[PDB]
Colleague: 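Pasting a structure here, questions to come.
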Amino acid sequence: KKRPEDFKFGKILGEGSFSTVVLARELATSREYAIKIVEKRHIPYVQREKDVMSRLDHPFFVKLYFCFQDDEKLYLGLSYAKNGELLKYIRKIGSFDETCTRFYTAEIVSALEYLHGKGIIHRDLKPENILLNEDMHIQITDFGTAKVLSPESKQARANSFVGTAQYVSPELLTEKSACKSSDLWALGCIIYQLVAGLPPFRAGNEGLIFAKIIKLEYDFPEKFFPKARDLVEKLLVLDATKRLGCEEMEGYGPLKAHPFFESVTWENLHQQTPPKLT
Ligand SMILES: Nc1ncnc2c1ncn2[C@@H]1O[C@H](COP(=O)(O)OP(=O)(O)OP(=O)(O)O)[C@@H](O)[C@H]1O
Ligand code: NA
């Protein structure tokens with residue numbers, strides 16, 4: 001078990017509702033980590049984050065390397081995503097060209113195929129939770145609100161009410177449960193945001209967003225890559241059993257076969273050089 005004194009802490013990388021992420025160098029190895037620190041006095045979320053991430057082993061996810069605790073804090077040692085949030089780049093450039101939209105959408109699809117293959121729902125997929133490593137490949141994070149579906153019971157629905165209003169699925173709002181397909185709804189919101197520069201359901205307060213989501217009230221700007229618009233229209237479907245990529249639609253094969261992805265080589269995506277964003 002590692003201890004606080006094993007590290008030299010540097011700058012704060014970010015802060016959550018009740019967590020702080022700090023850049024740290026391990027003295028004995030000289031390795032850099034992002035260490036997420038939670039105050040104890042301020043817990044199933046930390047445990048859930050631990051349990052879910054301990055199960056993951058794919059290049060498109062932040063890795064959990066170690067954990068420890070002292071009387072005051074819980075520490076999670078994570079890989080450092082040097083380039084930060086995908087959201088920063090969307091806001092910086094305003095929107096992504098077709099090549100970049102395609103590449104990053106493909107990486108998210110690949111990541112979700114892996115995650116869903118393990119029977120795990122993310123439930124809070126959004127650009128803020130898609131980080132970028134030094135090589136500009138994605139590193140999905142924020143698993144404290146993810147759910148491992150029980151294989152013993154062939155569980156499909158998760159009952160915890162979690163998410164972010166702009167990306168939350170209509171089934172969680174209306175039926176009070178989410179499923180793997182709920183992440184494909186979020187994917188469609190993210191692809192839309194990459195191209196249009198804002199997510200599709202927008203308002204100055206959450207209730208107004210919920211009202212639009214449940215009615216599928218959104219529009220495309222006049223210029224939007226046509227095959228990408230088709231893909232978004234096959235993801236933003238109210239009926240969770242009718243989204244391209246979902247189990248009832250026969251899984252990731254048909255999604256990866258969408259015309260928007262025609263030029264994608266799905267194998268070794270993580271070994272390709274990402275396209276420059278501008
Ligand atoms: N592995 C990482 N590498 C680099 N930066 C990170 C890493 N993990 C988190 N961060 C940064 O720290 C911020 C806070 O992370 P944390 O997961 O502790 O809280 P959060 O869940 O994002 O915040 P909230 O609880 O308010 O939604 C993130 O938004 C991100 O910018
Ligand atoms: Na969060």
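Positions are given from 1, in the same order as the sequence printed here. Note that these values count all heavy atoms, side chains included, but never hydrogens, waters or copies made by symmetry.
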Colleague: Can you name the nearest heavy-atom pair linking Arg123 to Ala146, along with the distance?
Modeller: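 Result for this residue pair: NH2-O, 3.4 Å.
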
Colleague: Step through it carefully: locate the ring centre of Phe220, locate the ring centre of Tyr192, and say whether they are under 6.0 Å apart.
Modeller: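 Centroid distance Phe220-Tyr192: below 6.0 Å, so yes.
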
Colleague: Does one side chain, of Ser182 or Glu171, offer a donor that lies under 3.5 Å from an acceptor on the other?
Modeller: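 Their side chains do contain a donor-acceptor pair, which is all the 3.5 Å distance test asks for.
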
Colleague: Taking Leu74's backbone N and O only, do any of them form a donor-acceptor pair with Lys40's side chain (distance below 3.5 Å, no angle check)?
Modeller: no

Colleague: May I ask you to check whether over 12 heavy atoms, not counting those of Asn205, lie within 6.0 Å of atom CG?
Modeller: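 Atom CG in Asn205 is crowded, with more than 12 foreign heavy atoms closer than 6.0 Å.
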
Colleague: Going by the rule salt bridge (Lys or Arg N to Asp or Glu O under 4.0 Å), which residues pair with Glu206 if we only count those two or more places apart in sequence or in a different chain?
Modeller: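 None.
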
Colleague: Roughly how far apart are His122 NE2 and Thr145 OG1, rounded to 0.5 Å?
Modeller: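 The NE2 atom of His122 sits 6.5 Å away from the OG1 atom of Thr145.
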
Colleague: Is any NZ, NE, NH1 or NH2 atom of the basic residue among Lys256 and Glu113 found under 4.0 Å from an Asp or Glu carboxylate oxygen of the other?
Modeller: yes

Colleague: When rounded to the nearest 0.5 angstrom, what distance separates CD1 in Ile37 from CD in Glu15?
Modeller: 10.5 Å

Colleague: What residues form a side chain to side chain contact (heavy atoms under 4.5 Å, CB included) with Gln166, not counting sequence neighbours?
Modeller: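 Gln166 satisfies side chain to side chain contact (heavy atoms under 4.5 Å, CB included) with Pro199, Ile209 once adjacent residues are dropped.
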
Colleague: Does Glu32 pair with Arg25 as a salt bridge, N-O distance under 4.0 Å?
Modeller: yes

Colleague: Under 4.0 Å between a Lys/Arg side-chain N and an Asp/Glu carboxylate O for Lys234 and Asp230?
Modeller: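 Judged by the 4.0 Å cut-off on N to carboxylate O distance, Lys234 and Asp230 do form a salt bridge.
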
Colleague: For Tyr252 and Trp266, I'd like to know if the aromatic rings sit close, meaning centre-to-centre distance below 6.0 Å.
Modeller: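 Centroid distance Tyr252-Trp266: not below 6.0 Å, so no.
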
Colleague: Tell me the closest heavy-atom pair linking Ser169 and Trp185, and the distance in Å.
Modeller: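 Reported closest heavy-atom pair: CA-CD1, 3.9 Å.
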
Colleague: Donor-acceptor pair, distance only, cut-off 3.5 Å: does the side chain of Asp135 make one with the backbone of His137?
Modeller: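 Not a single qualifying donor-acceptor pair exists.
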
Colleague: Assess whether side chain to side chain contact (heavy atoms under 4.5 Å, CB included) is satisfied between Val168 and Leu173, documenting all intermediate values.
Modeller: CA-CA 8 Å; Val168 71; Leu173 297 174; 4.0 Å; yes

Colleague: Tell me whether the centres of the aromatic rings in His258 and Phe260 are closer together than 6.0 Å.
Modeller: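 Here the rings of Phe260 and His258 have centres that are no less than 6.0 Å from each other.
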
Colleague: Under the ring pair (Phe, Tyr, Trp, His ring centres under 6.0 Å) definition, can you give me all pairs with a residue in residues 19-39, not counting sequence neighbours?
Modeller: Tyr33-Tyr65, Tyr33-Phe66

Colleague: Without swapping roles, check the side chain of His270 against the backbone of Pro59 for a donor-acceptor pair under 3.5 Å.
Modeller: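 Checked: no pair found.
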
Colleague: Quick one: NZ on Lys2 to CZ on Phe68, what's the gap to the nearest 0.5 Å?
Modeller: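 One finds 8.5 Å between NZ of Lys2 and CZ of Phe68.
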
